[PDB]
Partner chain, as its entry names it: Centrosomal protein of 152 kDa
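Given as structure tokens, the chain that follows is alone and in the form deposited without the partner chain.
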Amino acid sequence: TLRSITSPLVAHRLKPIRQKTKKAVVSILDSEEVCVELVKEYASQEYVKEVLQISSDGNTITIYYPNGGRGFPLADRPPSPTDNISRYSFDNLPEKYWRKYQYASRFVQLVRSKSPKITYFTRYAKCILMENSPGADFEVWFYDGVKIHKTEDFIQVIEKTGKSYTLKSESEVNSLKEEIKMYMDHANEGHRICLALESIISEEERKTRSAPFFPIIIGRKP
């Protein structure tokens, strides 16, 4: 089952963006739909030959072949579909499209990892909870120039010149320079607070509202 392999992408709250690779051009549209344009090379120009159009909730996939299946010149936006389409639920998408769905799925997931959900200004730092929940990335931009980038798999640290190093196990973190273990105590507190605030706002989001409660920016730089 595809739902075993990955979860449906969710592009809610994500800003429009276009990524051009060798394999595809993946776009998050203004409607939060995600499109995968499979581009073919007929030198010099590239043609859009196939399009996967994925719904913002990730559960509807519309596949079509623009220009009668002959192709469209790759443009700034994807070609809109015609009544000639094939369409599937996520749970019903044939495997032949799984790899292409995941192009979108992954891109969305990457964009979420760079999309601020909650920004929290503290005395020493600017905290940013990202959108790739759960286990979202957590960035910490201290004003002195120190940068801490939290992940699920690791914790990055960038010192004031560019001394970059990646910390993994807690046993490796304890072994860090002792003026730094305090920076983490800040960064971890922000993280706890941001997570704390995310929870409370989501709860309030569930009840009657009129617009999303995310993103949120809390406070200001001094």
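Positions refer to the first chain, counted from 1. Take the two forms, find the largest set of C-alpha atoms that superpose within 1.5 Å, and that set is the rigid core.
Q: Decide, for the other PDB entries of this protein that were compared, whether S86 is missing from at least a third of their models.
A: It is not, since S86 is included in all of the other entries that model both flanking stretches.
Q. Mean C-alpha B-factor higher for 115 to 123, or for 78 to 86?
A. Averaging CA B-factors over each stretch, the winner is 115 to 123.
Q | 177 to 185 or 50 to 58, whichever carries the higher mean Cα B-factor | A | Mean CA B-factor is higher for 177 to 185.
Q | Member of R18, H12, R206, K23 with the greatest C-alpha B factor (per the PDB record) | A | Most elevated C-alpha B-factor of the set, per the entry: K23.
Q | Selection from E152, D91, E131, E139 [criterion: highest C-alpha temperature factor in the record] | A | Of the options given, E152 has the highest CA B-factor in the PDB entry.
Q: Divide the modelled residues of the chain into thirds by Cα B-factor and specify which third, lowest, middle or highest, holds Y165.
A: Highest third - that is where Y165 ends up once the chain's C-alpha B-factors are sorted.
Q) Which third of the chain does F72 land in by C-alpha B-factor: lowest, middle or highest? A) According to the entry, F72 has a C-alpha B-factor in the chain's highest third.
Q: Grab the CA temperature factor for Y101 from the record and place it in the lowest, middle or highest third of its chain.
A: It falls in the bottom third of the chain.
(Q) Which third, lowest, middle or highest, does the C-alpha temperature factor of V108 belong to within its own chain? (A) Lowest third, going by the recorded CA B-factors of the chain.
Q: Please rank the C-alpha B-factors of the chain's modelled residues and tell me whether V39 sits in the lowest, middle or highest third.
A: Answer is middle: the recorded C-alpha B-factor places it there.
The same protein also exists as the form solved in complex with the partner chain; that form is not shown, yet it is the one meant from here on.
**Q.** 4.5 Å heavy atom contact, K15 and the partner chain in the bound PDB entry
**A.** Although the partner chain is absent here, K15 would touch it in the bound PDB entry, with heavy atoms inside 4.5 Å.
Q: Indicate whether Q102 is a 4.5 Å heavy atom neighbour of the partner chain in the bound PDB entry.
A: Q102 belongs to the contact set for the partner chain.
Q) Does at least one non-hydrogen atom of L110 fall within 4.5 angstroms of the partner chain in the bound PDB entry? A) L110 belongs to the contact set for the partner chain.
Q. Though only this chain appears here, would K221 touch the partner chain in the bound PDB entry if you measure heavy atom gaps against 4.5 Å?
A. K221 belongs to the contact set for the partner chain.
Q.
Taking the partner chain in the bound PDB entry, would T21, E95 and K114 all count as contacting it (heavy atom within 4.5 Å)?
A. Every residue of the spot touches the partner chain in the bound PDB entry.
Q: With the partner chain left out here, work out from 163 to 171, 66 to 74, 176 to 184, 23 to 31 which stretch has heavy atoms within 4.5 Å of it in the bound PDB entry.
A: Only one stretch qualifies here: 23 to 31.
Q | Heavy atom contacts to the partner chain in the bound PDB entry at 4.5 Å, residues of 26 to 45 in sequence order | A | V36, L38 sit within 4.5 Å of the partner.
Q: Compare the position of the CA of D30 between the shown form and the other one after a rigid core fit and state whether the shift reaches 2 Å.
A: The answer is no, as the C-alpha of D30 shifts between the shown form and the other one by less than 2 Å after core alignment.
Q: Superpose on the rigid core, then tell me if the C-alpha of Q45 is displaced by 2 angstroms or more between the shown form and the other one.
A: For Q45, whose C-alpha is compared between the shown form and the other one after core superposition, the shift is 2 Å or more.
(Q) Checking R70 here: with the core superposed, does its CA move 2 Å or more between the shown form and the other one? (A) Yes, its C-alpha moves 2 Å or more.
Q: Could you tell me whether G69 and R106 have their C-alpha atoms closer or farther apart in the bound PDB entry than in the shown form, knowing the shift is 3 angstroms or more?
A: Those two alpha carbons end up farther apart in the bound PDB entry.
Q: Just say closer or farther for the C-alpha distance from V34 to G69 in the bound PDB entry, relative to the shown form; it changes by 3 Å or more.
A: Farther apart in the bound PDB entry, by 3 Å or more.
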